[PDB]
Every structure is written in structure tokens, then in C-alpha cells.
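From first to last, the protein sequence lines are chains A and B.
For the first sequence, the residue numbers in the deposited numbering are 23 to 160.
For the second sequence, the residue numbers in the deposited numbering are 22 to 160.
In this text, a Cβ means the ideal position worked out from N, Cα and C, and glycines have one as well.
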Amino acid sequence: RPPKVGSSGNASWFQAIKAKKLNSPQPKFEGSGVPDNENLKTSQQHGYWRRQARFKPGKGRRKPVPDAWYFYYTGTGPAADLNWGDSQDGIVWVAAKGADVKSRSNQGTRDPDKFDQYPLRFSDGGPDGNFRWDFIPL
Amino acid sequence: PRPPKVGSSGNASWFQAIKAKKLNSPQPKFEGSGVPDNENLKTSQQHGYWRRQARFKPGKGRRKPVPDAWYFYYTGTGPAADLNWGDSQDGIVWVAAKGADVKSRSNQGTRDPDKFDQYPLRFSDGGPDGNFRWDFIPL
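As C-alpha cells, this is what we get:
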């Protein structure tokens, strides 16, 4: 059977945020939780963070390490078929003040062969202290 | 009329390759699943291996070294169909989604290239590390 490949792309435009612990809560944000990105209009500034399980060698038989979460605009990424606000384990919905969550951006997702991940900045206040992320300069 | 056909013939992987960026890149590492998307399959079935292909090209003198290519096969299919998930073998890296049952033997088979094109890789749950790349294939 050929595979059913339905996603237009699953690489987030942005670096992940990482939990600090194996049993960290889901991300919460001081402000909207939408990454800084001036390319979009206010109405279109909404999307979701999605959990990804991570593991390490050895030691072992692989061992778990803390989750990463990646941001996708609504209608893109692994949960592209969800409507904004639909409940799913591992999905946190975010929207800017002034967002119209029925709108759609044409921002799409990132081709990793052509683009490095973009830096995350949250000028309106980022995720809580259960999460960290590597510095990437502007 | 024709005799039986038991093997993976000269079928291919369902999916496009991942390619090393250098002649000395390490084998691919997968912090998340490393299993391509395929909505035919449930989470329990999402496991298999990446297998190295050596590559060479023509040019100055003749034989030129090209970076390694690695191709994905579901467990129980492909050149290493006889292995069980996790069996050591040089040029084989085992992958599985969180929640996979690496004994579930999927039903996707392999690709006859005269009938089906290579399918795009999409990695919901993580792909290979940054030593690897592949061209984007839309659709």
C-alpha cells in the first residue's frame, strides 16, 4: 500500500521550547504565546504548540528525556485539520489579541533544506519557568 | 504461468532518502520518532529502520565518493526484512514512535518503482539530526 502522506510540511518555522522535567505541565505563557513574526497581519496571529516526545541513548534501551513543543500556525503542521480551540492531548492553542481564529495565513511551514529554524521571541511575554530554549541570535 | 515471487524483488523504499551532508557524517540520530508520516498506520505500527546506501558518482579519475543516503523500511520489509526490531547490523538504525509495538508487523510492503513514485518524507514526531537533509517534495 502506498503511504498516505497528507501534510504539506511538519517542520516548524521556529525553534522548539523544551520542558525541564519528564513530568512538566503543558506550556503556559505570560502573553499570547504566539511567536514574534512581523510578516503576518494581526488577524492571522494564532496557532498551536504541539508536544513531541524525546529520548536519548544509552544506557539502554532508549531513555525518555523532557518533551519539546513546536509552534505551528492554524491549518498547518501535524494538526492542520484541527480548528482553533479543538481539544487534543498534546496541543495548546494560542492567539494574539485581535486574532480572528477562522482566518488563515499563507505562512505555511519551513523547508528545512532551505531555512534554518527561526529564533523564538515573545515580546508580549513568553512561556513560564517550566520551559527553556536555546539562544539563537537575530 | 509465471513462477512464485517471494522476495522484495528490486523494489525500493516507499519514501525518498535522507542524505548525509558530508562524506564523514555520522549515522543519523533520531531524538523523536524518526518514522515518516503515513496515515495508513496506527501509532502501534509506527516502527522500522533506516538503511544506508553507499553512493558514488563519475568525474575526475572515475570513482568519486558521494555522501551516504539512508532509506526507510517498515520492520519485516526491505533488505533487512529478516531482522527483528533492535537487532544490531552495520548501516541499520532502528526507529519507533513513542507507543510503538515493535512486534506489530505492518502491512505496507515495499515500492514497485515502475508503478509508484517515491513518497515525500514528513516528520510529525521528529526526523534525523542536522547532519542530514533531503530535497522538499511537495504534495
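For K124 (chain A), no chain B residue has a Cβ inside 9 angstroms of its Cβ, as the nearest lies near 24 angstroms away.
A contact between stretches requires three or more CB pairs, one per stretch, nearer than 8 angstroms, and the region 51 to 71 of chain B meets this requirement with the region 133 to 146 of chain B. Residue contact check for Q129 (chain B) against chain A: a CB pair falls below 8 angstroms. Inter-segment contact for the region 123 to 130 of chain B and the region 67 to 83 of chain A is absent: fewer than three beta-carbon pairs are separated by less than 8 angstroms.
Taking 8 angstroms as the CB threshold, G97 (chain A) stays off the interface with chain B.
If you look at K40 (chain A), you'll find it in the beta strand (DSSP E) that goes 39 to 41. Residues of the region 54 to 86 of chain A with a C-beta atom less than 7 angstroms from some C-beta of chain B are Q74, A75, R76, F77, listed in chain order.
Shortest Cα-Cα distance from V27 (chain B) to any of B:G112, B:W155, B:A102, B:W115 involves B:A102. Between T98 (chain B) and the set B:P22, B:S29, B:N45, the nearest pair of CA atoms involves B:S29.
Counting of Cβ neighbours within 10 angstroms places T96 (chain B) among the buried residues, the total reaching 16 or more. By the rule that beta-carbons nearer than 8 angstroms mark a contact, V27 (chain A) touches chain B. Using a CB distance cut-off of 8 angstroms, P141 (chain B) counts as an interface residue toward chain A. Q74 (chain B) sits in a strand when the DSSP states are folded into three classes.
With 16 or more other CB atoms across the displayed protein chains lying within 10 angstroms of its CB, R132 (chain B) is buried. Rounded to whole angstroms, the Cβ separation of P88 (chain B) and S46 (chain B) is 7 angstroms, and the two are in contact under 8 angstroms.
By the Cβ-count criterion, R83 (chain B) is exposed, with fewer than 16 other Cβ atoms from all chains shown falling within 10 Å of its own Cβ.
Residue-level contact by beta carbon holds for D135 (chain A) and chain B, with a gap shorter than 8 angstroms. For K136 (chain B), the closest alpha carbon among the candidates B:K43, B:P24, B:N32, B:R23 is that of B:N32. What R23 (chain A) touches in chain B, judged by beta-carbon distance under 8 angstroms, is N61, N128, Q129, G130, going in chain order. Excluding its 5 nearest sequence neighbours in each direction, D108 (chain A) has no C-beta neighbour in its own chain below 6 angstroms. Straight across, the Cα-Cα distance linking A90 (chain A) with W106 (chain B) is about 26 angstroms. If you check the CB distance, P149 (chain B) and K50 (chain B) come in under 8 angstroms.
With 16 or more other CB atoms across the displayed protein chains lying within 10 angstroms of its CB, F153 (chain B) is buried.
When Cβ-Cβ separations below 8 angstroms define contact, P149 (chain A) makes no contact with chain B. Scanning chain A for C-beta atoms nearer than 9 angstroms to the C-beta of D89 (chain B) yields nothing, as the closest lies near 17 angstroms away. Contacts between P100 (chain A) and chain B, judged by CB atoms closer than 7 angstroms, involve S145 in chain order. For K43 (chain B), the nearest beta carbon of chain A is not closer than 8 angstroms to its own beta carbon.
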